[PDB]
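Only one chain is shown below, in structure tokens, and it's the form solved without its partner chain.
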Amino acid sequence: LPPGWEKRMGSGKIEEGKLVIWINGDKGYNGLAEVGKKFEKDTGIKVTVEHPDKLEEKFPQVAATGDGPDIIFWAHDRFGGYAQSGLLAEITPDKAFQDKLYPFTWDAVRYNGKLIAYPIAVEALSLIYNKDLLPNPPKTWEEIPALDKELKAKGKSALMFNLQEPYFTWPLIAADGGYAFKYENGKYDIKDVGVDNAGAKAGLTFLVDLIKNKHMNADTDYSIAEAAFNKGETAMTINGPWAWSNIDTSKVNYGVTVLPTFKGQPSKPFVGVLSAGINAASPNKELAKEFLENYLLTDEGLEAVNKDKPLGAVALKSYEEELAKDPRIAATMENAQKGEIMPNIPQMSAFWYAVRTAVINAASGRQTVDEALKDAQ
């Protein structure tokens, strides 16, 4: 199980009197660092924002040995698993603080009756399109192939998104009836990975058909997708609010809109709530609580992070109402509403690993759409 246990053995594990915060590379870590500086000026407490690669997997490795950051940022879906491993301190906001956030966001970070993290923003994938190449985006997945060959004559592609992470292809898979775990009447039934049904099958086959007919390459990743769109080579892409910042600086005239339908049914992106949890091994819990409640989760705090990279629909009511006017955010919520909030059950990491492989192989010439979808059942 453990990696890197030997190195840190005698090094003072999590430093006292300091704050170490981890957050994914695609998020506004400089904006967060600004809140840190505001925190440093008021308290003398030094804040250090880092963005390690493979964050979602590096944290459970180091935290299991009493290591890592005081504060861990990630979508809520992996927090129940962190909680079951005893990596998270329980958080104690009072009622007056909880009322400042949307109740549905606290539910996303509630595991076994306990609040295990602070909600920050609601994330959902949307269709992002180049208006100069495509003033009106297609409403259906089915009209993409015809659109793509049309654009091919001009040396442009129709659609390019990250095919390595199942997060980006999940809304296709779930549009017709695919699902992770049955949620019947309050609690999830793990004994039916609904990733096997016809609805799921029909979704991935189309993606596989899109690569069979050369409309998409199966080796396309986040960096390749972002580059093709931001330079102006592809007309559409699929991404979250965090990506808007790099697109903004590329001067592609872009719009953010509802994901394409499939079989007359909307794509259902897996909705993620960006959350901040406190390491169980942190000797700075009160400092972390003070930082999170009175510095980050304020209008000034969220604005700083947002200006760097858009968080989407923030969990804090007061700062939200100022953002709702942004149609890109409206589009995010529209897609979120058509999708479903990810569960936080510990099985999710297992789910994600399976589907990921189940998607890569089926999209490639290594396994079929069943030697991958049964391989993940």
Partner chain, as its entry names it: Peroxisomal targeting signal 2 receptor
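Numbering follows the first chain given and starts at 1.
Stretches 215-223 and 86-94 differ in mean CA B factor, with 215-223 having the higher one.
Mean C-alpha B-factor is higher over 185-193 than over the other stretch, the pair under comparison being 245-253 and 185-193. The entry lists C-alpha B-factors for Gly272, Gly199, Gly81, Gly301, and the highest of these is at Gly199. Ranked within its chain, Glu233 lands in the middle third, by CA B factor from the PDB record. Per-chain ranking of the deposited C-alpha B factor places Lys268 in the middle third.
Among the modelled residues of its chain, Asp70 has a C-alpha B-factor that falls in the lowest third, as given in the PDB entry. Placement of the Cα temperature factor of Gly155 within the chain: highest third of the modelled residues, per the deposited record. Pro103: CA B factor in the lowest third of modelled residues in this chain (values from the PDB entry).
Beyond the structure shown, there is the form deposited with its partner chain bound, which is absent from this document and is the topic of what follows.
Interface residues of 65-100, taken as those with a heavy atom within 4.5 Å of its partner chain in the deposited complex (partner not displayed), are limited to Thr65. Candidate list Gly31, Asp326, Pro60, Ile45; rigid-part hinge between this form and the one not shown assigned to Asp326.
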